[PDB]
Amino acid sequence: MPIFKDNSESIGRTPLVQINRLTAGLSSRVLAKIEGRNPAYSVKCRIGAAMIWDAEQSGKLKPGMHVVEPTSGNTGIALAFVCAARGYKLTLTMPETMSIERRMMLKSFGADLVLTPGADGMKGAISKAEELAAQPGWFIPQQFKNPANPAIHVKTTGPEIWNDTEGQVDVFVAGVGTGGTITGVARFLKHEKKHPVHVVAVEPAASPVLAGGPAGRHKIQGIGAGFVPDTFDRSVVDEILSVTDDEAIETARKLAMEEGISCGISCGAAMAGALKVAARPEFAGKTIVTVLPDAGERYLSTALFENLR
């Protein structure tokens, strides 16, 4: 490995770990990519870095400009650590219904937070971010529209999976938030390596928007955005699979308990999908790869841990 000139350069190179007890009695192989092991501990670190780097290259972002994005979750954390490592002023807009601890993490990187009325929800944070981003000197990455999001997974996540498995990956299963992960990995495998792979998107059964149903409330943070994102390319996805909130929560708990993998709720969702796919007779002896986006300690205040006080 090189010496990274700042922490944003250290994204990726995450490990593939074989799942052993949740797969007991299957003849396929299930490998988990641990995206929790990133400079700011989630998969979003890849796109926080890539969207900043790409805006530098194109001139949309210049030194002294202000970065603004409407986000509570992992994307705010990634942008915060990247802007701190690379020296940009950062503002994040979020409804005031935001956990005091997620805000501490964001403020530890020196991000400025703009709370918008909780009643207007996410669309209120988006409106404020658009208003701020309209002024000159401010840049908005736009995580759901920015092609630099799937492109970094074409350049890093995709190749890492291809090379760590030595070309043995027959199924890729990924929860879909912005959809950049599943789009970039599928593009790399199918178009750049010409590799046959069955690509499965995972969404909450309570908000099955990718399969055409109506958005709803759900607890699988980071996926189920309530719309089909522009960064999600349905043409490289072969199947949509939904999981319940309880399946996701329980499978994340079993990943820690039975595999020693501390991970979040959407990790349980992805794995719960992957293990159902991996039980199909047509995939006997095949390799199923899935992504676990972040780590369990980010979920101490959530429903993931409520059974442990």
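From 1 onward, residues are counted along the sequence shown.
Looking at mean Cα B-factors across 118-126 and 161-169, the upper value is held by 118-126. Averaged over CA atoms, B-factors in the entry run higher in 56-64 than in the other of 254-262 and 56-64. Comparing the C-alpha B-factors of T156, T181, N74, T97 in the entry, the top value falls on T97.
Per-chain ranking of the deposited C-alpha B factor places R21 in the lowest third. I11: CA B factor in the middle third of modelled residues in this chain (values from the PDB entry). Among the modelled residues of the chain, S301 sits in the highest third by CA temperature factor in this PDB entry. Per the PDB record, residue ranking by Cα B-factor puts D245 in the highest third of the chain. Ranked by C-alpha B-factor against the other modelled residues of its chain, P141 falls in the middle third.
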